[PDB]
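S.K.: fold the following.
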Amino acid sequence: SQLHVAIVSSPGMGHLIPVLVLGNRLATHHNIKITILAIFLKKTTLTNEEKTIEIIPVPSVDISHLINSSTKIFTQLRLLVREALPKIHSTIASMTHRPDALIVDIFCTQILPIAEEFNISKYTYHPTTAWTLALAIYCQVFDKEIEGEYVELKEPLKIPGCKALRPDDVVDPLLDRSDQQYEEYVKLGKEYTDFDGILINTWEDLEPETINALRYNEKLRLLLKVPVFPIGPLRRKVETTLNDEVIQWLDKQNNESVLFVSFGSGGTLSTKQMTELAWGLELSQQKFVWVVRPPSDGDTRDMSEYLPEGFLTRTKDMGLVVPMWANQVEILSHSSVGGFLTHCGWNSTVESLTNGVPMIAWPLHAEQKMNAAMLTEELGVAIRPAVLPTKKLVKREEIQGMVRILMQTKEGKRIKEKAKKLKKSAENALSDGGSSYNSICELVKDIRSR
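M.R.: Numbering: from 1, shown residues only. Next comes the structure:
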């Protein structure tokens, strides 16, 4: 009898999409019915709605009467999935067949009551790195061990068995201990250890030390005590879009000649930074494609209105400007792309490595500042500015230099060849026999034992 698995998605595409990918992986490879309780580029269940993949909508509660302007995104996203858990309660109460296992998103951990009530096998998804996970867990200890803000720390934080996290590479919920988002994060870290397992969007080669720290380190296993499932790198699969001007232009460009630039669906620069980045791209004398959003200094505008005067005119031959959105996976896969300036968001990161593309780390929010150091210091597949671009403007001199490096210098060629090897490792973990294929089959096992 085919297993029935429910998956729960936090709001947004950066949360919904992974969930979908995950679902498709499972269902394609092992034969499992996938229901999703979500709270020309995609088309969701294209033909996947043959009692195979099925998306039930449940995104219904306002929080306007409970937040303010300064309330941080993490807390907001924690609230949304709380206001009316009852909705979810009754949703699962009205499932004609209860699932044999439920897999909730990182921000839908507060659903334990329900999972316990219907007595279903409950699992959590961590859509980013294991290192960030290890932190999220161990933060329940630091909370006490360190007195004062974490950015004030003179020495790094050393998570048992894991690399040392500097005061500059902290995750955002640790920037302010006097906000609520910190408390939520420690609560999160405490919640993980109640689930029957933890899926993580990574593989062995990429994070061997960290994964084997979570699994085996005594100090961590006195907190964790649950299995861990490195199932990644899970990513959207390259779609087909005949008409896609970006592509049509890229088809005229040489192999690995282009640098792609896009800061993900959350990212937004400030006006000056955008001007310096423009002049940087101009002065580099390198070919590029740039997904530009309106510049928030906290702005619906035409492309000319927010970019430097004559920029588009001058760069007409050297670059392609793309307002708002560009189809990210398809560009990343394309032969003429040999570079990616990114916000270090894990989804995008994964998409880059899986195509063997070197990166320029430009962290902005979330955990991205922590992922940047991991890419650069440890993995050597990315470079970054001298000062993190959150703390200080990155002017056109350092930008120019950083561009020329990645693309045409021999060191640039070393970093690319590194990304390529990590692409292979990804294609080895995912393959029929790899660590992540097998690790999935361990999750399968564990859902049948329950």
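S.K.: where does the residue nearest to the spatial centre of the chain fall, phi/psi-wise?
M.R.: Geometric centre of the chain, nearest residue: residue 346, 2.9 Å, by CA atoms, centre = their mean. Here is the backbone geometry of residue 346 (degrees, to the nearest 10): phi -60, psi -40.
S.K.: skipping its backbone neighbours, what lies nearest it in space?
M.R.: Nearest non-adjacent residue to residue 346, counting by CB to CB, 6 or more residues apart in numbering: residue 128, 3.8 Å away. Yep, even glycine has a C-beta here, placed from its N, CA and C like the rest.
S.K.: helix/strand/coil for that neighbour?
M.R.: Here residue 128 is recorded as coil under DSSP: H, G, I helix; E, B strand; the rest coil.
S.K.: which ones are touching it?
M.R.: Contact partners of residue 128, counting by CB atoms under 8 Å, 6 or more residues apart in numbering, are 201, 346, 366-367, 371.
S.K.: change it to 10 Å
M.R.: Residue 128 makes contact with 18, 106, 136, 171, 200-202, 232, 345-347, 349-350, 366-368, 370-371 under the criterion CB atoms under 10 Å, 6 or more residues apart in numbering.
S.K.: list the buried residues in stretch 5-21.
M.R.: For stretch 5-21, a neighbour-count test (16 or more other CB atoms under 10 Å) marks 5-11, 14-21 as buried.
S.K.: correction: the previous question concerned stretch 182-198.
M.R.: So, applying 16+ other CB under 10 Å, buried residues of stretch 182-198: 182, 184-186, 188-192, 195-198.
S.K.: distance between it and the chain's centre?
M.R.: Taking CA atoms, centre = their mean, to the nearest Å, one finds the center of stretch 182-198 at 18 Å from the center of the full chain.
S.K.: and which of the buried residues of stretch 182-198 is nearest to residue 153?
M.R.: Each of these was checked against residue 153 using CB to CB; the closest is residue 182, at 14.5 Å.
S.K.: contacting residues around the closest one?
M.R.: By CB under 10 Å, 6+ apart, the contact list for residue 182 reads 72, 74-75, 139, 143, 149-150, 172-176.
S.K.: before we move on, back to that, now the two most distant members of the buried residues of stretch 5-21.
M.R.: 5 and 14 (21.5 Å).
S.K.: can you pull the buried residues of the longest helix belonging to the chain?
M.R.: Using DSSP state H, we find that the single longest helix of the chain is helix 410-429. By 16+ other CB under 10 Å, the buried positions in helix 410-429 come out as 412, 415-416, 418-420, 422-423, 425-426, 428-429.
S.K.: okay, those in CSV with distance to residue 112 next?
M.R.: Converted to CSV, those look like this (distance: CB to CB, whole Å):
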residue, distance to residue 112
412, 48
415, 43
416, 44
418, 41
419, 39
420, 42
422, 36
423, 38
425, 35
426, 33
428, 36
429, 30
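S.K.: let's see stretch 333-340 as PDB, backbone CA atoms only.
M.R.: Provided in PDB are the C-alpha atoms of stretch 333-340 (Å, rounded to 0.1, in the frame of the first residue of the first chain):
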ATOM      1  CA  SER A 333      22.100  26.400 -16.300                       C
ATOM      2  CA  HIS A 334      22.900  28.200 -19.600                       C
ATOM      3  CA  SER A 335      26.300  27.600 -21.100                       C
ATOM      4  CA  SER A 336      27.300  31.300 -21.500                       C
ATOM      5  CA  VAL A 337      26.800  31.800 -17.700                       C
ATOM      6  CA  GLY A 338      30.100  31.500 -15.800                       C
ATOM      7  CA  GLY A 339      29.400  33.600 -12.700                       C
ATOM      8  CA  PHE A 340      26.700  34.500 -10.200                       C
END
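S.K.: from residue 338, how far out is residue 312?
M.R.: Relative to residue 338, residue 312 is positioned 23 Å away (CB to CB, to the nearest Å).
S.K.: ok, these two, which is more surrounded?
M.R.: More crowded of residue 312 and residue 338, by other CB atoms under 10 Å: residue 338, with 26 against 14.
S.K.: which strand or helix spans that one?
M.R.: Here residue 338, judged by DSSP states H and E, is contained in strand 337-342.
S.K.: tell me which residues touch the residue nearest to residue 343 when sequence neighbours are not counted, please.
M.R.: Among residues not flanking residue 343 along the chain, residue 263 sits closest, at 4.1 Å (CB to CB, 6+ apart). Under the criterion of CB under 10 Å, 6+ apart, the contact list for residue 263 reads 269, 291-293, 341-345, 348, 362-365, 368.
S.K.: could you flag which of those residues are buried?
M.R.: Listed as buried from those are 269, 291-293, 341-345, 348, 362-365, 368; burial here means 16+ other CB under 10 Å.
S.K.: and those, which of them are in helices?
M.R.: Using DSSP H, the members of the buried ones among the contacts of residue 263 that fall in helices are 348, 368.
S.K.: out of the buried ones among the contacts of residue 263, who's nearest residue 278?
M.R.: Checking these against residue 278 with CB to CB, the nearest one is residue 292 at 8.9 Å.
S.K.: the strands in the stretch 101-250 of the chain, which residues?
M.R.: 101-104, 121-126, 157-158, 164-165, 198-200, 228-230 (DSSP state E, counting those that start in this stretch).
S.K.: next one: the stretch 251-400 of the chain
M.R.: 258-262, 287-292, 319-323, 337-342, 359-361, 382-383.
S.K.: those: which one's closest to residue 26?
M.R.: Closest to residue 26 of these is strand 337-342 (CB to CB; 27.6 Å).
S.K.: and the angle for that closest one with strand 287-292?
M.R.: Between strand 337-342 and strand 287-292, the angle comes out at 30 degrees (axes from the mean of the first three to the mean of the last three CA atoms, to 10 degrees).
S.K.: so what strands line up beside strand 337-342?
M.R.: According to DSSP bridges, strand 337-342 forms sheet pairs with strand 258-262 (parallel), strand 359-361 (parallel).
S.K.: what about the residue nearest to residue 343, distance to residue 322?
M.R.: With CB to CB as the criterion, residue 263 and residue 322 are 12 Å apart.
S.K.: now do the shared contacts for these two.
M.R.: Both residue 263 and residue 322 are contacted by 291-292, under the criterion CB under 10 Å, 6+ apart.
S.K.: for residue 288, give me its contacts.
M.R.: By CB under 10 Å, 6+ apart, residue 288 lies in contact with 257-261, 280-282, 315, 318-321, 339, 341, 403, 407.
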